[PDB]
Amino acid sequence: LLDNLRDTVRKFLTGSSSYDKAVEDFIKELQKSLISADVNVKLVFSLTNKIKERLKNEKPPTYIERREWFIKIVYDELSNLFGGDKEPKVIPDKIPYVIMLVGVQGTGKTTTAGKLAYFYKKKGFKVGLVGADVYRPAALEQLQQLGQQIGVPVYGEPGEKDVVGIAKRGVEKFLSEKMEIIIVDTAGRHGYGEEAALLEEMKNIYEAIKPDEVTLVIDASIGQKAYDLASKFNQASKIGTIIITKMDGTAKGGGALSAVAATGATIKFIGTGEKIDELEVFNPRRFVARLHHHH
């Protein structure tokens, strides 16, 4: 969406027609591209109405061209659509720090667990990974391969299906090894649409491990349908954050980000590609800044 918004911006700034038609043309194209990105239509309409209103109340500061000022207001409001200017807290100040990853099946989460452990190893922490995703049988082997490849130890119990016992033995072992960051990879038996049961089901793992942070991993190709789960996830704990993965393998990452941001939850990271280091700290203002036409 942003790379497509770049070209629309360019067409708007290299001053073709009247201003008002240039603006009209741009808003239609924005509305169209956001619909295509699966953003909820009510957010698409509010966004453009808010843009149009700022433009009627806020003349450009002196020295600022009108078209430049229009674009500044569009960029500020795209950022607000994805959650607004905010820089999450990504380095823990309590050690040890236990992070429980949760989510529906297939959210780029075992990869996400290795990517998170890599991020924190690079930061100089001592991390241990707990492979408690026991529905998928491949998840553990996959985790053990990541760990081995990135030099972080992986606790896992081949063929075991008590996720609560695995998470509790793995955390206790890592806490005894005096690990500083402990990442517990868990999935869930439900999909999107079955949010109450998904959440209920996270409860006994959580109580067992008493993590410092619970992180819901969302695949971005769910789009705007991430809303319900994210909303209920976020209300259910004071320590919940969200990771949106696979932003590069969908057209619907704007729908997913905008739908999560509508809940107010914290999107701490986004997963961009499949490579181990492609996990980035997320700030809507920076995310939007990437396409700025003055660079």
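Start at 1 with the first residue shown and count on from there.
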- prompt: Between 166 to 174 and 137 to 145, which has the larger average Cα B-factor in the PDB entry?
  reply: 137 to 145
- request: Tell me, please, which of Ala132, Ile183, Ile222, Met202 has the highest C-alpha B factor according to the deposited entry?
  value: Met202
- request: Among the candidates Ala226, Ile242, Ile27, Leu55, give the one with the maximum CA B-factor reported in the record.
  value: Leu55
task: Sorting the chain's modelled residues by C-alpha B-factor, tell me whether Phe82 ends up in the lowest, middle or highest third.
output: middle
query: Which third of the chain does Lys238 land in by C-alpha B-factor: lowest, middle or highest?
result: highest
task: Going by the recorded CA B-factors, say which third of the chain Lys32 sits in, lowest, middle or highest.
output: lowest
- line: On the chain's distribution of Cα B-factors, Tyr155 falls within the third called lowest
statement: Entry-reported C-alpha B-factor of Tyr63 relative to its chain, by third, is middle
